[PDB]
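Q: Have a look at this one.
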Amino acid sequence: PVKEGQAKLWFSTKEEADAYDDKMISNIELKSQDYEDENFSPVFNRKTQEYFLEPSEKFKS
Amino acid sequence: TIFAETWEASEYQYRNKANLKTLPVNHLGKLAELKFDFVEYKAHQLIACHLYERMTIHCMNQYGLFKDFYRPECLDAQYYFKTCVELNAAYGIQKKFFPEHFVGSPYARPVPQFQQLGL
Amino acid sequence: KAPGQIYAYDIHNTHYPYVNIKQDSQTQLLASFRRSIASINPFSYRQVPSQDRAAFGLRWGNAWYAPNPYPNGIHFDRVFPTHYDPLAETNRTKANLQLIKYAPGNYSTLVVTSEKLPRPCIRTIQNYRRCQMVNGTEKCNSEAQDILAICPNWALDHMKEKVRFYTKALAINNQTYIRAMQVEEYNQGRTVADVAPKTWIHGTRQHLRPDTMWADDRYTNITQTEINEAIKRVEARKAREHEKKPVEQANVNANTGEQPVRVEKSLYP
Amino acid sequence: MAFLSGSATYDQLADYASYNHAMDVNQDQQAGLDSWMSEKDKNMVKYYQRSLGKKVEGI
Amino acid sequence: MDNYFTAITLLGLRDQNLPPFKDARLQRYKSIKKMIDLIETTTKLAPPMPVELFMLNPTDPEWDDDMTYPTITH
Ligand SMILES: CCCCCCCCCCCCCCCCCC(=O)OC[C@H](COP(=O)([O-])OCC(O)COP(=O)([O-])OC[C@@H](COC(=O)CCCCCCCCCCCCCCCCC)OC(=O)CCCCCCCCCCCCCCCCC)OC(=O)CCCCCCCCCCCCCCCCC
Numbered sequence: 002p003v004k005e006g007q008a009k010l011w012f013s014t015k016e017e018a019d020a021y022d023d024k025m026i027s028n029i030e031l032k033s034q035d036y037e038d039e040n041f042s043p044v045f046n047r048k049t050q051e052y053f054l055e056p057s058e059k060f061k062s
Numbered sequence: 061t062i063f064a065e066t067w068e069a070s071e072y073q074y075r076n077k078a079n080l081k082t083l084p085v086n087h088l089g090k091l092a093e094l095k096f097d098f099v100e101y102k103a104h105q106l107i108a109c110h111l112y113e114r115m116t117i118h119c120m121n122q123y124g125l126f127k128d129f130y131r132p133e134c135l136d137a138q139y140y141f142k143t144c145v146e147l148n149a150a151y152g153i154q155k156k157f158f159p160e161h162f163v164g165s166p167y168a169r170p171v172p173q174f175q176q177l178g179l
Numbered sequence: 005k006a007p008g009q010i011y012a013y014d015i016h017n018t019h020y021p022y023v024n025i026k027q028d029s030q031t032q033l034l035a036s037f038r039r040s041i042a043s044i045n046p047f048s049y050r051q052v053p054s055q056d057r058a059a060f061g062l063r064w065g066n067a068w069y070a071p072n073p074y075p076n077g078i079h080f081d082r083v084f085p086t087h088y089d090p091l092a093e094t095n096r097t098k099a100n101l102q103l104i105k106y107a108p109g110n111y112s113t114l115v116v117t118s119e120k121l122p123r124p125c126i127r128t129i130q131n132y133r134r135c136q137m138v139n140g141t142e143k144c145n146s147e148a149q150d151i152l153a154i155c156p157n158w159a160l161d162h163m164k165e166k167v168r169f170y171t172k173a174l175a176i177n178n179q180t181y182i183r184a185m186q187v188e189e190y191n192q193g194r195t196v197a198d199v200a201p202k203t204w205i206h207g208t209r210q211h212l213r214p215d216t217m218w219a220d221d222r223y224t225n226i227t228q229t230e231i232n233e234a235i236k237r238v239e240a241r242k243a244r245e246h247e248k249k250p251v252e253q254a255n256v257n258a259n260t261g262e263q264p265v266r267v268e269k270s271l272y273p
Numbered sequence: 121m122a123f124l125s126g127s128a129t130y131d132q133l134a135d136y137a138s139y140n141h142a143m144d145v146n147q148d149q150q151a152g153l154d155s156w157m158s159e160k161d162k163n164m165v166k167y168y169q170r171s172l173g174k175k176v177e178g179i
Numbered sequence: 001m002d003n004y005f006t007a008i009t010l011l012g013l014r015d016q017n018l019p020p021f022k023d024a025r026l027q028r029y030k031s032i033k034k035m036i037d038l039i040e041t042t043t044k045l046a047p048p049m050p051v052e053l054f055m056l057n058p059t060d061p062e063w064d065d066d067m068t069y070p071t072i073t074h
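Below you can see the structure in the form of structure tokens.
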């Protein structure tokens, strides 16, 4: 199910919000590394966390 | 301000002046000269001058600013970023207040109205 | 009477930082050894300038360092068309006499400059302005004629053109004003009272989720089963929107012997 | 066997693997950058086929 | 490409990443077009301040001496 967090959406009603989740979920393609799975991908496995470029501690120091 | 990833190269060339500079797209080959490992998305490499900015941040995160950042791959990234935002700021102002200097503008060589032809 | 030191001297605390950009073992080892003995080394050169002594730039081995010039596609052929591409190589290859000549200004930017009007022409302009603010415009005919007579004709052409430029720039700034101050259809009847009490940080990643599926852990617990049910719902909503589709328009660039319109390119070929 | 015994199965996968932009998007997806696709994005390979001269309908 | 840092900031490239597909990514570029016209208009409303604050008037007759720099030919 959808997990809530600090970063919220930008929709007024709940129907607009639920429609956005349905659009995003219907585009998800699971890529698992374990055999005997309907979504199995030894190579070309996608990450589930987006990388963000930030100034490190050595940068600002 | 350019509101896209790509721009026509001819639209930033002068029509009534000698063309001594161009406004080239980001040099993606410089991205492969970084020796360390880093994550870069292809969705950020075409917008003007931003690739050189991200390369500078990656170099200033791996190395610092003292005796380790001073290598040819990192100094060219910072120089390109500074030069790119300077040229684009000048071309942007020239595009805004001197649009008639560039190829493709209808005022570079104005076509006359039919009432001026005397027919 | 000590010589003045620049701010960079307080960053490095020395005048002899043996900075060499060439990242080979022989160069950096010799630079470290020379950096330690620079206080008692007769063959020592400064790279930090001071009020009393000039300095050298960044070293490149035995030669000197300068960054790669910014990519410039302008070039001039000598023998055959080389089709020079500044993005095809990392370091710009040197120009051979029979092959190519590059554009001027290896290290140059685009600026706007202005000539300085002659000093006598400036003095007549100051006299007219002063006589104008003291006596008024109608009693400055003598000072107005001195400008047209003493100022050379090229200066009068520049003065005439500056007025036309700033008139052009004035209209360009006001057209941006009219577009900026235009009330859009989504802001009709909205005032400062309807603004949300938020700042710039409230629209960042921590507070406003980006439009990507892995920006955070929102969809990390979604299974295949819920995906299949979501596809059934997005296709159910399309049972009402697919009824509308724009009609195919005419190709304005159908004639190849006609100057085509610079129309927006397709997202994909 | 269904992929091998098909005629267009070889072409659909080859045209997608030869499209450099679709591979750049796929490279970003593996790195963690993914989102929803519009109807125009889902046809990015069909546009690439038409540009080459193939007869693909349903754009 | 003027107002680079302003446009990069409005697109959210300082905290997040652009959508990986050209459709939404190119719409996000055209979305800041109104804001650039607004921010550029604001920067042109600055009131004037005395020019003779950190800069002596170069047209003053005191500087008609056209003095040169005396040097020592070491
Ligand atoms: C000169 C002659 C002599 C020398 C010969 C040398 C031959 C080598 C040259 C290479 C030949 C060309 C064929 C290359 C095929 C590409 C393979 C590949 O890259 O892997 C991807 C491939 C697919 O990745 P995935 O995890 O399924 O993707 C999941 C995503 O969800 C996917 O979804 P997505 O949304 O993320 O999209 C990702 C995107 C990514 O796009 C790309 O990156 C482009 C990929 C390029 C391929 C596109 C063109 C496909 C053309 C189809 C026709 C090919 C026919 C084969 C030609 C052979 C010529 C005789 O799309 C793809 O994934 C492309 C699909 C790739 C399928 C490849 C077709 C299957 C081949 C059928 C025959 C199988 C024979 C295997 C026999 C092995 C025996 C040991 O990975 C595998 O196949 C794993 C191997 C199979 C698992 C079983 C375990 C076997 C272990 C064997 C170990 C030993 C290895 C061999 C050792 C040899 C010495 C002893």
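Residue numbers (PDB author numbering), protein chains in the order written: chain L, 2 to 62; chain N, 61 to 179; chain J, 5 to 273; chain k, 121 to 179; chain M, 1 to 74. Idealized CB from N, CA, C, for every residue including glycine.
Among residues of its own chain, excluding the 5 on either side of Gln51/J, which ones have a beta-carbon nearer than 8 Å to its beta-carbon?
A: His19, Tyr20, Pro21, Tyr22, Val23, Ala59, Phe60, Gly61, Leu62 and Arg63
Q: Can you look up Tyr106/J in the DSSP assignment and give me helix, strand or coil?
A: strand
Q: How is the alpha helix (DSSP H) around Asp136/N delimited, first residue to last?
A: Counting along the chain, the unbroken alpha helix (DSSP H) around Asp136/N starts and ends at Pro132 to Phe157.
Q: Please tell me whether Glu51/L and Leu133/k are closer than 7 Å, where the distance is taken between their beta carbons.
A: no
Q: Starting from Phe169/J and walking both ways along the alpha helix (DSSP H), at which residues does that stretch end?
A: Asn157 to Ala184
Q: Tell me the rounded alpha-carbon separation between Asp35/L and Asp221/J.
A: 21 Å
Q: Mapping DSSP to helix, strand and coil, what is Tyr74/N?
A: strand
Q: Assuming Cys134/N and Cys144/N make a contact with CB atoms under 8 Å, what is their CB distance in whole Å?
A: About 16 Å; that fails the 8 Å criterion.
Q: Whole angstroms are fine: how far does the CA of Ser165/N sit from the CA of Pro172/N?
A: 14 Å
Q: Taking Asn148/N and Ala92/N to be in contact with their CB atoms under 8 Å, please state how far apart those CB atoms are, rounded to whole angstroms.
A: In fact, because the Cβ distance is near 24 Å, the residues do not count as touching under 8 Å.
Q: According to DSSP, simplified to helix, strand and coil, what is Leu34/J?
A: Here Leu34/J carries a helix assignment [DSSP, helix/strand/coil].
Q: At which residues does the alpha helix (DSSP H) containing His118/N begin and terminate?
A: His110 to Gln122
Q: Using the beta carbon as the reference atom, which residues fall closer than 6 Å to any heavy atom of ligand 2, ordered along the chain?
A: Ligand 2 is absent from the structure shown, which contains only ligand 1.
Q: Does the beta-carbon of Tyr223/J have 16 or more other beta-carbons within 10 angstroms, so that it is buried, or is it exposed?
A: buried
Q: Who are the Cβ neighbours of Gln73/N in its own chain at under 6 Å, not counting the five residues just before and after it?
A: Cβ neighbours of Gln73/N beyond the five flanking positions: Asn79 and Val163.
Q: Between the segment 121-129 of chain J and the segment 159-169 of chain J, are three or more C-beta pairs nearer than 8 Å?
A: Yes: at least three Cβ pairs fall under 8 Å.
Q: At which residues does the beta strand (DSSP E) containing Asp56/J begin and terminate?
A: Careful: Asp56/J lies outside any beta strand (DSSP E) and carries neither H nor E.
Q: What in chain k is Cβ-close to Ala108/N, meaning under 8 Å?
A: Per Cβ cutoff of 8 Å: no residues; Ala108/N is ~18 Å from chain k at best.
Q: Counting pairs of Cβ atoms below 8 Å between the segment 6-21 of chain M and the segment 150-170 of chain k, do you hit three or more?
A: yes
Q: Does any C-beta atom of chain M lie closer than 7 Å to the C-beta of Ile126/J?
A: yes
Q: Along the alpha helix (DSSP H) that carries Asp131/k, what are the first and last residues, could you check?
A: Unbroken alpha helix (DSSP H) run through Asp131/k: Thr129 to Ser138.
Q: Using a threshold of 7 Å, state whether the C-beta atoms of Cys144/J and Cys155/J are closer than that.
A: Result no, Cβ atoms of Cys144/J and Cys155/J do not sit closer than 7 Å.
Q: Closer than 8 Å by C-beta to residue 55/N: which residues in its own chain qualify, once you throw out the five before and the five after it? Chain order, please.
A: Nothing can be reported for residue 55/N, as the shown portion of chain N is limited to 61 through 179.
Q: Quick one, which residues of the segment 144-160 of chain k are near chain N if we go by CB-CB under 9 Å, in chain order?
A: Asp144, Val145, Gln147, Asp148, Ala151, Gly152 and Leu153
Q: I'd like the span of the alpha helix (DSSP H) that includes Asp81/J, first residue to last.
A: It is not in any alpha helix (DSSP H) - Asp81/J instead sits in the beta strand (DSSP E) that spans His79 to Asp81.
Q: Anything in chain L within Cβ reach of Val99/N, meaning under 7 Å, just list it in chain order.
A: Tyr52
Q: Evaluate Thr43/M with the Cβ neighbour count: other Cβ atoms within 10 Å of its Cβ, from every protein chain shown; 16 or more gives buried, anything less gives exposed.
A: exposed
Q: Answer with yes or no whether the minimum CB distance from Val171/N to chain M is below 7 Å.
A: Output row for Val171/N: interface = no.
Q: Taking a Cβ distance cut-off of 7 Å, strictly less, list which residues of the segment 172-189 of chain J are near chain M, in chain order.
A: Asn177, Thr180, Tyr181, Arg183 and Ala184
Q: Return the residues of the segment 28-59 of chain J that lie within a Cβ-Cβ distance of less than 7 Å from chain M, sorted by chain order.
A: none
Q: Indicate whether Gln27/J and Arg169/N have their beta-carbon atoms separated by less than 7 Å.
A: no
Q: So what's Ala151/k in DSSP terms, helix, strand or just coil?
A: helix
Q: Three-state secondary structure (DSSP) at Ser146/J?
A: helix
Q: Short of 9 Å Cβ to Cβ, which residues in the segment 118-139 of chain N face chain L?
A: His118, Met120, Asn121, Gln122, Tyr123, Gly124 and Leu125
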